[PDB]
Amino acid sequence: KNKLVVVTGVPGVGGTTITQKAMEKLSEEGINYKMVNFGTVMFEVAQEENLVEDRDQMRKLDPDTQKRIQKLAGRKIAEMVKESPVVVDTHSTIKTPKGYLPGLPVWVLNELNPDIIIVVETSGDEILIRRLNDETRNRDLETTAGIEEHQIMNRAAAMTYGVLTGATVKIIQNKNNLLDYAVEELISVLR
Amino acid sequence: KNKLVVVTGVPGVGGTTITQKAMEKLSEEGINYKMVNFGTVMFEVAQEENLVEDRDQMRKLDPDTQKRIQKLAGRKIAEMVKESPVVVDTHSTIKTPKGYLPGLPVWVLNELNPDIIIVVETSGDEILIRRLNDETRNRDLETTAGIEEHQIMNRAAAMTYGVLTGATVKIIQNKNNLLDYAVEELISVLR
Amino acid sequence: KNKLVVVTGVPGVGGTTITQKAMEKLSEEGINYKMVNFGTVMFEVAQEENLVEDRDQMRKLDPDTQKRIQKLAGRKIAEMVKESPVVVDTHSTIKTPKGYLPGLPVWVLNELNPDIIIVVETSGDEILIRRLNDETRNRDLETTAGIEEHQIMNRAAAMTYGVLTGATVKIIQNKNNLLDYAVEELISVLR
Ligand SMILES: [Mg+2]
Ligand SMILES: [Mg+2]
Ligand SMILES: [Tb+3]
Ligand SMILES: [Tb+3]
């Protein structure tokens, strides 16, 4: 009966920020979500199996071990759902030099059994300017067309996740100066 | 072999209207399709299995029995294909407050084995005005952007249905004052 | 660890042209891809199984036979990957009168196990004009809206292929008078 929600969005869209704010407001009503990052849960599984010491070593693990750690992380998260509602922070797809990499390939979905997939978006212009203004980020020259293409592929992958699991797929706009509206929309879905 | 065709479309697009007109034209050449609504077949299965009584509470039913009912409904429809060609009237996704809910999750597709998935569309403007003119409705604040987003997700879910079953995915425009053109296109696909 | 790459694109986009140029340049650094057309491998499998003698007899084969040959073709290609990197030339979807037909249904994906799905594109205008200038072609002109709709569905099917296999999905623009840029992008992905 506790929900398992996946919250996704391209870098810079603010998915974790609105999720953190929604969780804190829900906590006031006695609804206590636990938030986890899928990549961090993969790192915790790999450390527990003595495969890695640091998070940087994760990207050098072979593909069969990666698929195995991915299945184990999905199972570890499915088990957390018995203790409370859970929100998973991850990417619908990651934009790599070899193309869009699904964040939840079918073997992860079969272990996770998510109830809702949330896709947080805004316009390509708003994302591009947010990334330009972030000092911790490094300039790459991704265009608004490139960001829109990533959001097109994220929506299609998220819809495929819904077909394979039965989860609903919710799209929420997190627009500049309208953060509170995105937080209220997310609270309603998480409740 | 008799065709199993799924006809989908957002509320107000007119998919069942053009399907009924297509079927009467086809019966004049001895091709007799049987049309069933997936939700009605699920409700008949739930009644046949005595899991439910007052249909309205179907949405508030245990997810495991819903999945079982969904599989039984897909199987019941696949069996009808032995008697005649079949049209399944359903939604590619239903736009709910928790997001886009797939009408045919992978467990349904595996029982149904559809040959063709039809996606009936028109512009967001035409849908919005049709809904405003319908007296049966309750006026919500759905925009043309919201309708276009639903049609984007419906196409992606329908394409995923095609990949998982091998079915072709046909998109038909049912535009204002061009209903007969949509009917002729649907007849050609159903023949 | 030889890669299996699928290169797709609507008729007239020039995907096999840029692939052959990229393979030529990769050979200079000692990387020798083998290119195969998926439809040709199905035809070779059907000749071996004594189901056909000529390529024009393939279309008549029943759906169960079609599925069996498709699985055997996927397996035959997966075996070629042991000898060298492999590129599969095929369509993400084929635009037929009954709708968009997936080129790689889930049963083919499970045998192929592709590493990368490449989607080669350009604008609907550039494709339409290229087709009008091709003497091999007939008329039955698709509009730019029809071509854009095919590219929308090809992206969604390709993203579904990525979710089901874990493959990355790369989109490459092959624009008029910028062929060398598309070749360089494809070399980087194929390496
Ligand atoms: Mg209806
Ligand atoms: Mg070709
Ligand atoms: Tb990182
Ligand atoms: Tb044999």
Side-chain angles (χ1 to χ4, degrees), chain B residues 2-9 22 78 81 85 87 92-93 100 102 104-107 109-110 113-123 148-149 151-173 175 181 184-191, chain C residues 6 8 42 59-71 73-74 90-112 114 117 119 140 142-143 145-165 167 169:
Chain B
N2 291 324
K3 284 182 172 80
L4 176 58
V5 181
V6 180
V7 179
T8 71
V81 175
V87 183
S92 177
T93 77
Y100 297 103
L104 305 171
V106 64
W107 51 90
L109 296 173
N110 292 342
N113 305 304
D115 297 297
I116 306 180
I117 310 296
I118 301 187
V119 174
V120 182
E121 304 186 340
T122 190
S123 64
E148 286 165 355
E149 183 188 89
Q151 291 193 134
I152 281 161
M153 297 304 268
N154 280 345
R155 282 195 312 267
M159 198 62 252
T160 299
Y161 300 163
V163 172
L164 294 171
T165 62
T168 56
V169 180
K170 181 78 182 185
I171 299 164
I172 297 180
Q173 302 301 315
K175 302 187 150 277
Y181 292 89
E184 288 306 322
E185 191 165 7
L186 183 54
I187 288 163
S188 296
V189 176
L190 292 182
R191 185 181 287 110
Chain C
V6 180
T8 71
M42 283 174 63
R59 185 261 310 149
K60 185 56 169 178
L61 295 168
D62 53 298
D64 294 333
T65 297
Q66 213 80 51
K67 177 166 176 173
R68 191 174 86 81
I69 296 154
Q70 274 183 321
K71 290 162 92 99
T90 196
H91 289 272
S92 178
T93 77
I94 299 93
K95 185 169 192 158
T96 78
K98 304 290 195 194
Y100 297 102
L101 176 67
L104 304 172
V106 64
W107 51 90
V108 172
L109 296 173
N110 292 343
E111 300 291 338
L112 269 184
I117 310 297
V119 174
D140 303 44
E142 197 172 346
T143 61
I147 291 151
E148 287 165 355
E149 183 189 89
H150 192 180
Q151 291 193 134
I152 281 160
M153 298 304 268
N154 280 345
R155 283 195 312 267
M159 198 61 253
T160 298
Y161 300 163
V163 172
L164 294 172
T165 63
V169 180

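Only heavy atoms go into these numbers, but all of them, side chains included; no hydrogens, no water, no symmetry mates. Chain letters run A, B, ... following the sequence lines, proteins first, then strands; residues in each count from 1.
C:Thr65 contributes no side-chain N or O that, together with a main-chain N or O of C:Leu61, makes up a donor-acceptor pair within less than 3.5 Å.
No part of B:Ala157 comes within reach of chain C, as not one of its non-hydrogen atoms sits under 4.5 angstrom from that chain. When heavy atoms are compared at a cutoff of 4.5 Å, C:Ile152 approaches chain B solely by way of its side chain, counted from C-beta outward. Proximity to chain B is absent for every atom of C:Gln70, based on heavy atoms less than 4.5 angstrom apart.
Here C:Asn154 contributes atom CG and C:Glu149 contributes atom CD; the two are 10.5 Å apart, rounded to the nearest 0.5 Å. Here OH of C:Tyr100 is found 3.0 Å from NZ of C:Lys95. Values are rounded to the nearest 0.5 Å.
Counting only N and O atoms by type, the side chains of B:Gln173 and B:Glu121 include a donor and acceptor under 3.5 Å apart.
When each of B:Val169, B:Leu164, B:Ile117 is checked for heavy-atom pairs under 4.5 Å with chain C, B:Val169 comes out on top.
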